[PDB]
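Enquirer: Dropping the structure in here first, questions after.
Only the coordinates and a few stated rules stand behind these numbers; no lab work does. Cβ coordinates were reconstructed from backbone atoms using ideal geometry, including for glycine residues, and neighbour counts include every protein chain displayed.
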């Protein structure tokens, strides 16, 4: 068909995050030739409107708004459905294609529905952003439901770019979301696998700036950077074995938030004795060590002190003479720790063992030990722990889900 | 040169003797052939585990031994099948640079593949091989044991985990 060139411009030009260059000629291809037939006019107008709608959609500026993307997209399906009808006469393009694009219009309506529900999911996520800690498994399940609902029902050759691009980002989110769960669930290997998959898929989706990118792009890079920094901090002791005392420093002095760098710089700020992060792994028996093992490998079960380990204990090792004094406070005054905000103080007799407490996540805690009793370091430890908890939660990015 | 005697026993009161002689001769001949064909594998394995392991000759053991691919043993370690050849090059460089004598070498001289197999100093038979043929675009990871495995596994998974640890470590560095 003649309109094949116009279609192959509009689609396969929208996929590189370029919208205006085709939205401008969408109306031109129907106004330059005033005489037309079939849908070769209404379809072009709906295409320009859909380009504008997708531009607004990838603007991400429609969050909260105390018009919406749903309002724009409600008429988007109609703008294509009206053109894709049984127009028997009074138009006239060819009595072999005529409509032709009816299947494409149904596919685009399904894609519009997918975009609207993804926008609603993203808005609900933004609503959850203000929460102290948001779980990930239920969001993963909802996103997988969206996957199943909107998988392989709208593909035609010309729609191959869009079908990929959209899908890419979505599965990237999935690979992020599961990672967010797996990182929160300490799942080392699955989180690493999801991180690598998301990074690989992004290195294809976000490659239109060379051959400005939208807000969701920088937002997803920010999320990925936070996720990998959290992965590096959580899983550090095991990887520190297969390296020297300097290569690990170089590797960890690159990923922000640089948890390791900040911890190393703040250890000498008070000449403390231990910095250890404890993982609350209770309720599970798959735990066997810091690393990987074959799935069907028989192991023992945690009991007592092993219930609360010091996985990332620094600078030398966890103490085995003051550990009793700090192990029992994880459930005595932990009501304020459960708020993920409070910091604990302590003091011993003939000893200066004073442990702090931060709870970024219900399964994670920081129990920084100090061997001083003078002035509590001007409450700087509490502020540092609060900042660490906020960074590990990382709700700043989810608040920045809206541009600016 | 071997001398064999055949008796047929079981108060005083041959075609069966000839038939038994022939059957015994055939059985001993086939057993001798099988033993000769199988002792070479064991001797070459002992030499390799101890040094003078010719790269073009070590392929004979791989042909004889029934190594098992990583995809077959466990599905969780299946995503590594999608790793690029350069990832395998990085892995080989990392383990060769870091790991001690517990890693051996076998490289095709010209425009060929390279093997940097790692076997535990005590885990006999079971071993880990790294196929890396950029020219043919074929990269394979297989677990090689020098005996058919009915499916030992405790030690087999021991160094398997010890080996797969570095694979993630290399992948983590590339993810940094």
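Enquirer: Counting helices only, and only those DSSP H runs with n ≥ 4, report the 222 nm mean residue ellipticity of chain A as the sum of -39,500 (n - 2.57) divided by its residues, in deg cm²/dmol to the nearest 500. Walk me through the intermediate numbers first.
Expert: Details: 16 runs with 202 residues, N = 404.
It comes out at -15500 deg cm²/dmol, rounded to the nearest 500.
Enquirer: Under 8 Å for C-alpha pairs, at least 6 residues apart: give me the relative contact order for region A:118-194, rounded to a whole percent.
Expert: Values: 30 pairs, mean separation 25.1, N = 77.
RCO, region A:118-194: 33 percent.
Enquirer: Cut-off 13 Å, label point 7 angstrom out along Cα-to-Cβ of residue A:374: give me the residues of region A:263-280 whose amide nitrogen falls inside.
Expert: In region A:263-280, the label zone of residue A:374 (backbone N under 13 Å from the point 7 Å along Cα→Cβ) covers A:269-272.
Enquirer: How big is the convex hull of the Cα atoms of region A:1-119, per residue, in Å³?
Expert: Normalising the Cα hull of region A:1-119 by residue number yields 106 Å³.
Enquirer: Roughly what would the spin-label model give for residue A:137 and residue A:270, points 7 Å off Cα along C-beta, in nm?
Expert: That separation, rounded to one decimal, is 3.5 nm.
Enquirer: Sticking with this one: Can you figure out the FRET efficiency of residue B:138 with residue B:161, using R₀ = 25 Å and their beta-carbon distance, to the nearest 0.05?
Expert: Numbers: r = 26 Å, r/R0 = 1.02.
Step by step, r from the Cβ atoms, then E = 0.45.
Enquirer: Further question on the same structure: When Cβ neighbours within 10 Å are restricted to other protein chains, what is their mean count per residue of peptide B:163-175? Walk me through the intermediate numbers first.
Expert: On the way: counts 0, 5, 6, 1, 1, 11, 5, 1, 4, 11, 4, 2, 11.
What the average comes to for B:163-175 is 5.
Enquirer: Quick check on region B:124-176: take the gyration tensor over C-alpha atoms, sort the square-rooted eigenvalues as a ≥ b ≥ c, and tell me if it's rounded (a/c under 1.5), prolate or oblate.
Expert: Note, shape of region B:124-176 comes out oblate.
Enquirer: Obtain the nm distance between the two label points defined at residue B:47 and residue A:148 by a simple spin-label model: each point lies 7 Å from its Cα along the Cα-to-C-beta direction.
Expert: The answer from the label model is 5.9 nm.
Enquirer: What translational D, rounded to a whole number of µm²/s, comes out for region A:318-404 from Stokes-Einstein when the hydrodynamic radius is the Kirkwood one over Cα pairs, at 10 °C and 1.306 mPa s?
Expert: For these conditions, the coefficient is 112 µm²/s.
Enquirer: With the Cα gyration tensor of region B:51-127 giving a ≥ b ≥ c as the square roots of its eigenvalues, does the rule (a/c under 1.5 for rounded; else a/b larger than b/c for prolate; else oblate) give rounded, prolate or oblate? Write out the running numbers ahead of the final one.
Expert: Details: a/c = 1.34, a/b = 1.17, b/c = 1.14.
Judged from the Cα gyration tensor, region B:51-127 comes out rounded (a/c under 1.5).
Enquirer: Separate question: What FRET efficiency do you get for residue A:208 and residue A:333 if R0 is 45 Å and r is their Cβ-Cβ distance, rounded to the nearest 0.05? Please report the intermediate quantities before stating the final value.
Expert: On the way: r = 53 Å, r/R0 = 1.18.
Plugging the Cβ-Cβ distance into 1/(1 + (r/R0)^6) gives 0.25.
Enquirer: Calculated FRET efficiency, residue B:13 and residue B:38, Cβ-Cβ r, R0 35 Å, to nearest 0.05?
Expert: Numbers: r = 46 Å, r/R0 = 1.32.
That pair, residue B:13 with residue B:38, gives E of 0.15.
Enquirer: In nanometres, what is the gap between the two model label sites at residue A:396 and residue A:2, each 7 Å from Cα along Cα-to-Cβ?
Expert: For the pair residue A:396/residue A:2, the computed spacing is 5.8 nm.
Enquirer: Which value in Å does the Kirkwood hydrodynamic radius of chain B take, with 1/r averaged over all unlike C-alpha pairs and then inverted? Kindly include the intermediate steps, with their values, before the conclusion.
Expert: Values: mean 1/r = 0.0517 Å⁻¹.
Every distinct Cα pair counted, the radius reaches 19.3 Å.
Enquirer: Taking each pair of distinct Cα atoms in region A:193-304 once, what is the resulting Kirkwood hydrodynamic radius in Å?
Expert: Numbers: mean 1/r = 0.0573 Å⁻¹.
Answer for region A:193-304: a Kirkwood hydrodynamic radius of 17.5 Å.
Enquirer: Further question: At 222 nm, what value in deg cm²/dmol follows for chain B if DSSP H runs of at least 4 each add -39500 (n - 2.57) and the sum is divided by all its residues, to the nearest 500? Walk me through the numbers on the way to the answer.
Expert: Numbers: 5 runs with 86 residues, N = 176.
Here the helix-only value at 222 nm equals -16500 deg cm²/dmol.
Enquirer: Ranking request for peptides A:292-303, A:260-271: highest mean number of other beta-carbon atoms within 10 Å first, then the rest in descending order.
Expert: Details: A:292-303: 11.8, A:260-271: 14.6.
Order by mean packing, descending: A:260-271, A:292-303.
Enquirer: Could I ask something else about it? For chain A, take the convex hull of the Cα atoms, compute a quarter of its surface area, and give me that in nm², please. Present the calculation step by step, with values, prior to reporting the outcome.
Expert: Values: hull surface 100.5 nm².
Mean projected area of the Cα convex hull: 25.1 nm².
Enquirer: Hey, quick one: spin label on residue B:107, modelled 7 Å out along Cα-Cβ, who in region B:133-148 has an amide N within reach, i.e. under 15 Å?
Expert: Counting only backbone N, you get B:133-135.
Enquirer: Ok, one more. For region A:59-207, what does the alpha-carbon gyration tensor say about shape, rounded, prolate or oblate, given a ≥ b ≥ c as the root eigenvalues, a/c under 1.5 as rounded, and a/b over b/c as prolate? Don't skip to the end; give the middle numbers.
Expert: Details: a/c = 3.20, a/b = 1.90, b/c = 1.68.
Taking the square roots of the gyration eigenvalues as a ≥ b ≥ c, region A:59-207 is prolate.
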